[PDB]
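Taking it in order: structure first as structure tokens, then the write-up.
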Amino acid sequence: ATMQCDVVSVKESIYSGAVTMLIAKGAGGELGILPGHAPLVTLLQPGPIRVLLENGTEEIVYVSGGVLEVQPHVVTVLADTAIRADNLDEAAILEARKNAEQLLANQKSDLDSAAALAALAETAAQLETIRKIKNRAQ
Amino acid sequence: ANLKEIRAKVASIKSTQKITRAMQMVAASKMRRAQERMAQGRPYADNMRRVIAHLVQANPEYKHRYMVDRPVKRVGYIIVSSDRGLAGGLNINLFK
Amino acid sequence: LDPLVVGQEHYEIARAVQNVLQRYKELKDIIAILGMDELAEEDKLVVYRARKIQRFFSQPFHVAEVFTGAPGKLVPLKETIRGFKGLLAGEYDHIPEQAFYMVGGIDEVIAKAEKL
């Protein structure tokens, strides 16, 4: 059969589903994983991971650091940093979202100060000359 | 008197009001996005505490420097604040 | 009101307190729009100083007892100037504002604050 595999990072998960084969680079031994396997834990090399479904296809995820826990029915990786990817060449892709969120971080200021600080600055600016001439009879 | 300037001041204030309304709506969207963002971090810590507990219950023979407590001489403190203000007095009461 | 008449010290203190009140008066509008916390710390000091000054100006009078009942105060100028120098020295920036209201001298302010 197959068994649940959960590719989770601190920010979020990456992949989930029930699978029957896995390839992983442990701190020590390289490991192949199959459902029902004896429970095990170990540290993982910062390399790519291959996981094989029963549909004749095998996924790839590129991981940098992290730990692997396995149970005979659930397996997961706590990813230091992982990306659904074939190779570190896909680093050209993670920076895309990185700079996207960077641009958003620029945008939040580019609006916040520009909108709030400015308009609110002109608001109370010249009001005094009005409040002083309220009861003017001439 | 210069009444037209007064009317202009009124119009500027109206515009500022609409801009504040936009501020509020954008803040609401950001609130919902971040509120979503919180929940995604659960399973990591959940499973990881689970396995750490499994470890310590499997190995109570020793402890970790982060598991131990000796008398305190000095402390370190970590505070998180915005890059820009205007968001209530969260920094204020935090500092207090 | 020149230092050549009231004495240099008196003129200096008067100028200083006047400038503080002036500053606060300009500042007063912004807090109507923004929170007072959005101001610099010195600004908050200024606000509190001026407000307590205002409180201190309230002087009971021996005619006003008909309205309320309390006796008046004939404060000698020396006590006034000493109290204001100490206030603008900030020696009392830990005192509730109400300790300054409708009181006599600075000593009475301290007595009130302790009675608080």
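The chains in the structure tokens are called A, B, ... from first to last as shown; in each chain the residues are counted from 1, and the ligands are counted from 1 in the order shown.
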Determine which residues of chain A sit within 6 Å of chain B, taking into account only C-alpha atoms, and present them as a ChimeraX atom specification.
/A:10-12,119
Would you give me, as JSON, numbers by chain, the residues in chain A that DSSP reads as strand (DSSP E)?
{"A": [3, 4, 5, 6, 7, 8, 9, 13, 14, 15, 16, 17, 18, 19, 21, 22, 23, 24, 25, 30, 31, 32, 33, 40, 41, 42, 43, 48, 49, 50, 51, 52, 58, 59, 60, 61, 62, 63, 64, 65, 66, 67, 68, 69, 70, 74, 75, 76, 77, 78, 79, 80, 81, 82, 83]}
Give the residues of chain B that lie within 10 Å of chain C; count only C-alpha atoms, and format the answer as a ChimeraX atom specification.
/B:85-89,91-93
Please produce a file of those selected residues containing C-alpha atoms, as an mmCIF file, in the first residue's frame.
```cif
data_model
loop_
_atom_site.group_PDB
_atom_site.id
_atom_site.type_symbol
_atom_site.label_atom_id
_atom_site.label_comp_id
_atom_site.auth_asym_id
_atom_site.auth_seq_id
_atom_site.Cartn_x
_atom_site.Cartn_y
_atom_site.Cartn_z
ATOM 1 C CA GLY B 85 4.222 53.655 13.612
ATOM 2 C CA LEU B 86 0.622 54.948 13.515
ATOM 3 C CA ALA B 87 -0.726 51.539 14.588
ATOM 4 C CA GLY B 88 -2.310 52.304 17.942
ATOM 5 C CA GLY B 89 -0.100 52.412 21.003
ATOM 6 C CA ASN B 91 4.716 49.949 20.892
ATOM 7 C CA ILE B 92 3.804 52.335 23.711
ATOM 8 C CA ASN B 93 2.279 49.892 26.170
#
```
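The residues of chain C lying at most 9 Å from chain A, with only C-alpha atoms taken into account, are residues 26, 29, 30, 32, 33 and 34 of chain C.
You will find atom CA of residue C:92 at 19.8 Å from atom CA of residue C:40.
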Please provide as a PDB file with N, CA and C atoms, in the first residue's frame all residues within 9 Å of residue A:81, with the sequence filter that same-chain residues fewer than 3 positions apart are discarded (counting only C-alpha atoms).
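File produced: around31.pdb:
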```pdb
ATOM      1  N   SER A   9       7.267  22.846   6.243  1.00  0.00           N
ATOM      2  CA  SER A   9       8.236  23.803   6.746  1.00  0.00           C
ATOM      3  C   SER A   9       7.577  24.652   7.821  1.00  0.00           C
ATOM      4  N   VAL A  10       8.391  25.474   8.479  1.00  0.00           N
ATOM      5  CA  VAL A  10       7.873  26.309   9.556  1.00  0.00           C
ATOM      6  C   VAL A  10       6.805  27.254   9.030  1.00  0.00           C
ATOM      7  N   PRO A  46      21.251  18.611   3.428  1.00  0.00           N
ATOM      8  CA  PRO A  46      20.558  19.669   2.684  1.00  0.00           C
ATOM      9  C   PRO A  46      20.557  19.420   1.185  1.00  0.00           C
ATOM     10  N   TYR A  62      13.404  19.881  -3.332  1.00  0.00           N
ATOM     11  CA  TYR A  62      14.743  20.280  -2.934  1.00  0.00           C
ATOM     12  C   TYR A  62      14.676  20.858  -1.529  1.00  0.00           C
ATOM     13  N   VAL A  63      15.437  20.271  -0.615  1.00  0.00           N
ATOM     14  CA  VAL A  63      15.389  20.627   0.794  1.00  0.00           C
ATOM     15  C   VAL A  63      16.781  21.044   1.237  1.00  0.00           C
ATOM     16  N   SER A  64      16.843  22.075   2.061  1.00  0.00           N
ATOM     17  CA  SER A  64      18.085  22.501   2.690  1.00  0.00           C
ATOM     18  C   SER A  64      17.898  22.335   4.192  1.00  0.00           C
ATOM     19  N   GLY A  65      18.482  21.277   4.743  1.00  0.00           N
ATOM     20  CA  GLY A  65      18.405  21.035   6.167  1.00  0.00           C
ATOM     21  C   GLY A  65      17.033  20.586   6.618  1.00  0.00           C
ATOM     22  N   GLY A  66      16.977  19.916   7.751  1.00  0.00           N
ATOM     23  CA  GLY A  66      15.714  19.460   8.291  1.00  0.00           C
ATOM     24  C   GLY A  66      15.850  18.053   8.832  1.00  0.00           C
ATOM     25  N   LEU A  78      10.245  17.789   8.875  1.00  0.00           N
ATOM     26  CA  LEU A  78      10.254  19.156   9.372  1.00  0.00           C
ATOM     27  C   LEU A  78      11.359  19.889   8.632  1.00  0.00           C
TER      28      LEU A  78
END
```
Spatial neighbours of stretch 67-83 of chain C, max dist 10 Å, only C-alpha atoms, sep filter under 4 positions, as a VMD selection string
chain C and resid 9 to 10 13 to 14 56 59 to 63 87 to 89 91 to 92 102 to 107 109
Dump of C-alpha atoms for the selected residues, as a PDB file, in the first residue's frame:
```pdb
ATOM      1  CA  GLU C   9      15.585  85.803  37.490  1.00  0.00           C
ATOM      2  CA  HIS C  10      11.910  86.752  37.510  1.00  0.00           C
ATOM      3  CA  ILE C  13      11.230  82.357  34.689  1.00  0.00           C
ATOM      4  CA  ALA C  14       8.333  84.285  33.192  1.00  0.00           C
ATOM      5  CA  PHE C  56      -1.531  75.673  39.672  1.00  0.00           C
ATOM      6  CA  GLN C  59      -6.057  80.395  43.313  1.00  0.00           C
ATOM      7  CA  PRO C  60      -8.778  80.301  45.988  1.00  0.00           C
ATOM      8  CA  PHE C  61      -9.874  83.757  47.090  1.00  0.00           C
ATOM      9  CA  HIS C  62     -11.365  85.097  50.297  1.00  0.00           C
ATOM     10  CA  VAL C  63     -14.402  86.286  48.321  1.00  0.00           C
ATOM     11  CA  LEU C  87       8.255  72.909  38.383  1.00  0.00           C
ATOM     12  CA  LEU C  88      10.229  73.949  35.327  1.00  0.00           C
ATOM     13  CA  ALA C  89      13.053  72.106  37.029  1.00  0.00           C
ATOM     14  CA  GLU C  91      11.117  68.292  40.419  1.00  0.00           C
ATOM     15  CA  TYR C  92       7.474  67.249  40.429  1.00  0.00           C
ATOM     16  CA  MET C 102      -7.124  75.596  43.720  1.00  0.00           C
ATOM     17  CA  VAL C 103      -4.181  75.462  46.122  1.00  0.00           C
ATOM     18  CA  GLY C 104      -1.736  77.888  47.696  1.00  0.00           C
ATOM     19  CA  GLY C 105       2.013  77.401  47.566  1.00  0.00           C
ATOM     20  CA  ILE C 106       4.149  74.560  46.278  1.00  0.00           C
ATOM     21  CA  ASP C 107       4.269  73.227  49.828  1.00  0.00           C
ATOM     22  CA  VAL C 109       0.833  71.210  46.387  1.00  0.00           C
TER      23      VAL C 109
END
```
Just want the 12 Å neighbourhood of residue C:90, counted on only C-alpha atoms, with same-chain residues fewer than 6 positions away dropped. Output as a PDB file with N, CA and C atoms, in the first residue's frame.
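Output file around-v4.pdb follows:
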```
ATOM      1  N   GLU C  42       9.710  64.361  24.897  1.00  0.00           N
ATOM      2  CA  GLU C  42       9.800  65.746  25.338  1.00  0.00           C
ATOM      3  C   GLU C  42       8.459  66.437  25.195  1.00  0.00           C
ATOM      4  N   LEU C  45       6.261  65.457  28.070  1.00  0.00           N
ATOM      5  CA  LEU C  45       6.709  66.250  29.207  1.00  0.00           C
ATOM      6  C   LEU C  45       6.135  67.653  29.146  1.00  0.00           C
ATOM      7  N   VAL C  46       6.213  68.273  27.970  1.00  0.00           N
ATOM      8  CA  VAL C  46       5.697  69.624  27.793  1.00  0.00           C
ATOM      9  C   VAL C  46       4.214  69.668  28.115  1.00  0.00           C
ATOM     10  N   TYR C  48       2.345  67.682  29.979  1.00  0.00           N
ATOM     11  CA  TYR C  48       2.066  67.515  31.397  1.00  0.00           C
ATOM     12  C   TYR C  48       2.483  68.745  32.185  1.00  0.00           C
ATOM     13  N   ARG C  49       3.642  69.310  31.851  1.00  0.00           N
ATOM     14  CA  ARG C  49       4.119  70.500  32.539  1.00  0.00           C
ATOM     15  C   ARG C  49       3.117  71.633  32.406  1.00  0.00           C
ATOM     16  N   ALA C  50       2.686  71.908  31.177  1.00  0.00           N
ATOM     17  CA  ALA C  50       1.758  73.005  30.950  1.00  0.00           C
ATOM     18  C   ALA C  50       0.433  72.757  31.648  1.00  0.00           C
ATOM     19  N   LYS C  52      -0.173  71.004  34.348  1.00  0.00           N
ATOM     20  CA  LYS C  52      -0.029  71.214  35.781  1.00  0.00           C
ATOM     21  C   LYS C  52       0.141  72.691  36.105  1.00  0.00           C
ATOM     22  N   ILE C  53       0.790  73.444  35.219  1.00  0.00           N
ATOM     23  CA  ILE C  53       0.862  74.890  35.403  1.00  0.00           C
ATOM     24  C   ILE C  53      -0.541  75.476  35.450  1.00  0.00           C
ATOM     25  N   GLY C  83       8.327  77.927  43.504  1.00  0.00           N
ATOM     26  CA  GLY C  83       7.541  76.816  43.007  1.00  0.00           C
ATOM     27  C   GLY C  83       7.652  76.662  41.506  1.00  0.00           C
ATOM     28  N   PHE C  84       7.636  77.777  40.781  1.00  0.00           N
ATOM     29  CA  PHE C  84       7.696  77.678  39.328  1.00  0.00           C
ATOM     30  C   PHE C  84       9.075  77.267  38.845  1.00  0.00           C
TER      31      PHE C  84
END
```
Near stretch 24-35 of chain A, within 12 Å and counting only C-alpha atoms, which residues show up once chain neighbours fewer than 5 positions away are dropped, as a ChimeraX atom specification?
/A:1-5,18-19,40-54,60-77
Put those residues in a file: N, CA and C atoms, as a short mmCIF file (atom, residue, chain, number, x, y, z; two decimals), in the first residue's frame.
```cif
data_model
loop_
_atom_site.label_atom_id
_atom_site.label_comp_id
_atom_site.auth_asym_id
_atom_site.auth_seq_id
_atom_site.Cartn_x
_atom_site.Cartn_y
_atom_site.Cartn_z
N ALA A 1 0.83 -1.20 0.00
CA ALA A 1 0.00 0.00 0.00
C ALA A 1 0.86 1.25 0.00
N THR A 2 0.25 2.38 0.32
CA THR A 2 0.94 3.65 0.45
C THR A 2 0.76 4.16 1.88
N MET A 3 1.38 5.30 2.17
CA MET A 3 1.30 5.86 3.51
C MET A 3 1.58 7.35 3.45
N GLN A 4 0.98 8.07 4.39
CA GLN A 4 0.97 9.53 4.34
C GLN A 4 2.38 10.09 4.47
N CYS A 5 2.71 11.03 3.59
CA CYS A 5 3.96 11.78 3.66
C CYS A 5 3.63 13.26 3.72
N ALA A 18 -0.50 10.25 0.64
CA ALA A 18 -0.12 8.88 0.97
C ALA A 18 0.75 8.31 -0.14
N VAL A 19 1.94 7.82 0.23
CA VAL A 19 2.93 7.37 -0.74
C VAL A 19 3.53 6.07 -0.23
N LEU A 40 11.39 5.56 12.82
CA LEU A 40 12.77 6.02 12.81
C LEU A 40 12.79 7.53 12.74
N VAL A 41 13.88 8.13 13.24
CA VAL A 41 14.13 9.55 13.10
C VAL A 41 15.61 9.77 12.84
N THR A 42 15.92 10.82 12.07
CA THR A 42 17.30 11.19 11.81
C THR A 42 17.34 12.58 11.18
N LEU A 43 18.54 13.13 11.13
CA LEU A 43 18.82 14.41 10.49
C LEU A 43 19.12 14.19 9.02
N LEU A 44 18.84 15.20 8.20
CA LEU A 44 18.85 15.06 6.76
C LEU A 44 19.87 16.00 6.12
N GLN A 45 20.55 15.50 5.09
CA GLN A 45 21.46 16.35 4.33
C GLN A 45 20.68 17.43 3.59
N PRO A 46 21.25 18.61 3.43
CA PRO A 46 20.56 19.67 2.68
C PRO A 46 20.56 19.42 1.18
N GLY A 47 19.88 18.36 0.75
CA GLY A 47 19.81 18.03 -0.66
C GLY A 47 18.40 17.78 -1.14
N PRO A 48 18.26 17.35 -2.38
CA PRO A 48 16.94 17.04 -2.93
C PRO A 48 16.40 15.72 -2.40
N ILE A 49 15.08 15.58 -2.49
CA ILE A 49 14.38 14.41 -2.02
C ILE A 49 13.50 13.87 -3.14
N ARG A 50 13.52 12.56 -3.33
CA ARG A 50 12.69 11.88 -4.31
C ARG A 50 11.72 10.96 -3.60
N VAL A 51 10.45 11.04 -3.99
CA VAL A 51 9.37 10.26 -3.40
C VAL A 51 8.55 9.64 -4.53
N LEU A 52 8.21 8.37 -4.38
CA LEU A 52 7.67 7.59 -5.49
C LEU A 52 6.26 7.12 -5.17
N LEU A 53 5.28 7.64 -5.90
CA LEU A 53 3.93 7.14 -5.79
C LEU A 53 3.78 5.84 -6.58
N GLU A 54 2.62 5.21 -6.43
CA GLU A 54 2.33 3.96 -7.10
C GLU A 54 1.79 4.16 -8.50
N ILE A 60 9.86 15.25 -6.83
CA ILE A 60 11.12 15.74 -6.30
C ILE A 60 10.85 17.00 -5.50
N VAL A 61 11.55 17.13 -4.37
CA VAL A 61 11.54 18.35 -3.58
C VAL A 61 12.97 18.64 -3.16
N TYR A 62 13.40 19.88 -3.33
CA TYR A 62 14.74 20.28 -2.93
C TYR A 62 14.68 20.86 -1.53
N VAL A 63 15.44 20.27 -0.62
CA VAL A 63 15.39 20.63 0.79
C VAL A 63 16.78 21.04 1.24
N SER A 64 16.84 22.08 2.06
CA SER A 64 18.09 22.50 2.69
C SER A 64 17.90 22.33 4.19
N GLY A 65 18.48 21.28 4.74
CA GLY A 65 18.41 21.04 6.17
C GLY A 65 17.03 20.59 6.62
N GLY A 66 16.98 19.92 7.75
CA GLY A 66 15.71 19.46 8.29
C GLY A 66 15.85 18.05 8.83
N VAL A 67 14.77 17.60 9.45
CA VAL A 67 14.75 16.32 10.14
C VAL A 67 13.63 15.47 9.56
N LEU A 68 13.81 14.16 9.62
CA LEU A 68 12.83 13.21 9.14
C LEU A 68 12.34 12.34 10.29
N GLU A 69 11.03 12.26 10.44
CA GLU A 69 10.39 11.30 11.33
C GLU A 69 9.54 10.37 10.49
N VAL A 70 9.52 9.09 10.85
CA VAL A 70 8.72 8.11 10.12
C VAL A 70 8.01 7.21 11.12
N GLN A 71 6.76 6.91 10.83
CA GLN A 71 5.95 5.91 11.49
C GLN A 71 5.42 4.94 10.44
N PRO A 72 5.04 3.73 10.84
CA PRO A 72 4.57 2.74 9.86
C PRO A 72 3.37 3.20 9.05
N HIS A 73 2.79 4.34 9.41
CA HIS A 73 1.64 4.85 8.68
C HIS A 73 1.70 6.33 8.35
N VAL A 74 2.50 7.12 9.07
CA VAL A 74 2.68 8.53 8.75
C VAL A 74 4.17 8.82 8.73
N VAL A 75 4.61 9.54 7.70
CA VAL A 75 5.98 10.03 7.62
C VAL A 75 5.90 11.51 7.29
N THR A 76 6.84 12.28 7.83
CA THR A 76 6.89 13.70 7.55
C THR A 76 8.31 14.21 7.71
N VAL A 77 8.55 15.37 7.12
CA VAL A 77 9.83 16.06 7.24
C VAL A 77 9.57 17.45 7.79
#
```
